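Following: one structure in structure tokens, then a few remarks.
Virtual Cβ from ideal backbone geometry, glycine too; neighbours counted across all protein chains shown. What follows is calculated from the coordinates using simple rules that are stated; it is not laboratory data.
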Amino acid sequence: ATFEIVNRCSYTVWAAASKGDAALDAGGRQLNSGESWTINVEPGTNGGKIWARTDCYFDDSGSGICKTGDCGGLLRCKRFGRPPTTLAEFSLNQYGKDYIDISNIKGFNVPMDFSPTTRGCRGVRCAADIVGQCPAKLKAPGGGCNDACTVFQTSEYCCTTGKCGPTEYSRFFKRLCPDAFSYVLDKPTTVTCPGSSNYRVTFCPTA
């Protein structure tokens, strides 16, 4: 599958792509405002994620830090990033279908649209000003709006027992972005696409 990753934000982001135990394609790249990065993701990839990182500093060897979404200090991510991170999530070619979603379960840093570029399904978007409206106790100093599990580490927010309900904090994310997962047992907002679809992830789709 082909993913085109587009930065429509007025600021630079460092895109990342990983399936948790390996990079997808190069794993990460700087995207100045307006730049596009095309990557190739192997068919059958399960549990892939794409996200943006903000305010990064990398040396010549590709080592450094980011204020949101840092993946162990590497430019080219092999593992998932530090919250807060708006997540584009996908599993490809699962019994003939692709499954895509946007998730706020690990917080929110950058607005995002995640859409197919081929026929057969719809896209999803979370583009509200979640950072501006973020409850005080979830605000991340580096930028972004943390999820409640990251901040408070309770069974209820992290859904550790497999039983949990919505919370004041999850309802905040759900109000501003109904089409994104707001907690682990949220009613799924997953979209089913034809197997082997292609996609575009756009950061700051409205601005």
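Table: residues versus (1) under 25 Å from residue 168 (Cα atoms); (2) crowded, with 20+ Cβ neighbours inside 10 Å; (3) touching a residue at least 12 places away in the same chain (Cβ under 8 Å).
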{"position": "26", "(1), (2), (3)": "no, no, yes"}
{"position": "40", "(1), (2), (3)": "no, no, yes"}
{"position": "57", "(1), (2), (3)": "no, no, no"}
{"position": "93", "(1), (2), (3)": "no, no, yes"}
{"position": "118", "(1), (2), (3)": "no, no, yes"}
{"position": "132", "(1), (2), (3)": "yes, no, no"}
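Can you name the residue in the range 178-207 that is part of a strand (DSSP E or B) and among the polar types (S, T, N, Q) and is also surrounded by the fewest Cβ atoms within 10 Å (Cβ to Cβ) among such residues?
We begin by selecting, within the range 178-207, every residue part of a strand (DSSP E or B); these are 180-181, 191-194, 199-203.
Going one step further and asking which of them are among the polar types (S, T, N, Q), we end up with 192, 202.
On the way: 192: 13, 202: 22.
Per the criteria, the residue is 192.
Cβ contacts < 9 Å: first residue farther than 14 Å from residue 86 by Cβ, restricted to the range 165-190; second residue in a loop (DSSP other than H, G, I, E, B) and of a type in the set (A, V, I, L, M), any location; separation 6+ or different chain. Result?
165/185; 166/185; 170/105; 175/128; 183/105; 184/105; 186/105
Answer with yes or no whether residue 128 is under 16 Å from residue 173 (Cβ atoms), touching a residue at least 24 places away in the same chain (Cβ under 8 Å), out of contact with any strand residue (DSSP E or B) (no Cβ under 7 Å at 6 or more places or on another chain) and not charged (D, E, K, R).
Yes.
Among the residues that make up the range 61-73, is at least one of them in a strand (DSSP E or B), of a type in the set (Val, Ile, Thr), surrounded by fewer than 20 Cβ atoms within 10 Å (Cβ to Cβ) and over 11 Å from the mean Cα position of the chain (by Cα)? Before you say what the answer is, go through the steps one by one.
Going through the range 61-73, the residues in a strand (DSSP E or B) turn out to be 63-68.
Now drop any that are not of a type in the set (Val, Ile, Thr), which leaves 65, 68.
Next cut, surrounded by fewer than 20 Cβ atoms within 10 Å (Cβ to Cβ) only: 65.
The next check asks that each one be over 11 Å from the mean Cα position of the chain (by Cα); those that pass are 65.
The answer is yes, given that some residue of the range 61-73 is in a strand (DSSP E or B), of a type in the set (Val, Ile, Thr), surrounded by fewer than 20 Cβ atoms within 10 Å (Cβ to Cβ) and over 11 Å from the mean Cα position of the chain (by Cα).
Taking the stated definitions as given, is residue 108 aromatic (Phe, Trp, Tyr) and touching a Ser or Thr at 6+ places or on another chain (Cβ under 7 Å)?
yes
Considering each residue of the range 35-60, count those that are assigned to a strand (DSSP E or B) and farther than 24 Å from residue 144 by Cα, and give that number.
Number of matching residues: 3.
In the list 79, 175, 125, which residue meets the criterion of being part of a strand (DSSP E or B) and surrounded by fewer than 19 Cβ atoms within 10 Å (Cβ to Cβ)?
On the way: 79 fails: part of a strand (DSSP E or B); 175 fails: part of a strand (DSSP E or B).
One residue alone meets the criteria, 125.
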